[PDB]
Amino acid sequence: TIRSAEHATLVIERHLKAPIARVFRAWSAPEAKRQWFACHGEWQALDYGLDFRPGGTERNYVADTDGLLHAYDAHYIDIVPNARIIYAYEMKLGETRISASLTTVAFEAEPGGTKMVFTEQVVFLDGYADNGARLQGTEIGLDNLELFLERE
């Protein structure tokens, strides 16, 4: 197998119409995080776990329409209540690791709601062609977060 690595930094800024503590709870509470992050559609998360603390972990394993395992695992490094979450994570398709990332999620109250900046520093492995999927997936994820906050 030919080994290679491609690095990138992705940044997404969102302005949510919700108070900062409520936005943060959407990340800290397993029931909430599962709902918006792991349940992407009429298809519920079948295999989700969260231990939300520095030194903690998160897991979401999903079989796609074609039976391919998308295995997400994260390890929490820094958590400042209502202000910041930093975690490293990896994605595997089947048993093949396609990427590793350091994600920073920063939150701050602003007039009208919350400003959130999501930064992902990622490395894609061994010829896996991202082709913008990571940024698109993340944008849609945060769209779902916003929908979740509205439904509340």
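Counting begins at 1, following the sequence as shown.
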| item | value |
| --- | --- |
| Higher-B stretch (mean Cα B-factor, as the entry records it), 105-113 or 83-91 | 105-113 |
| Stretch exceeding the other in mean C-alpha B-factor - 36-44, 53-61 | 36-44 |
| Entry-reported Cα temperature factor of residue 144, expressed as the chain third it lands in | middle |
| Chain thirds of CA B-factor: placement of residue 126 | middle |
| CA B-factor ranking of residue 98, expressed as a third of its chain | lowest |
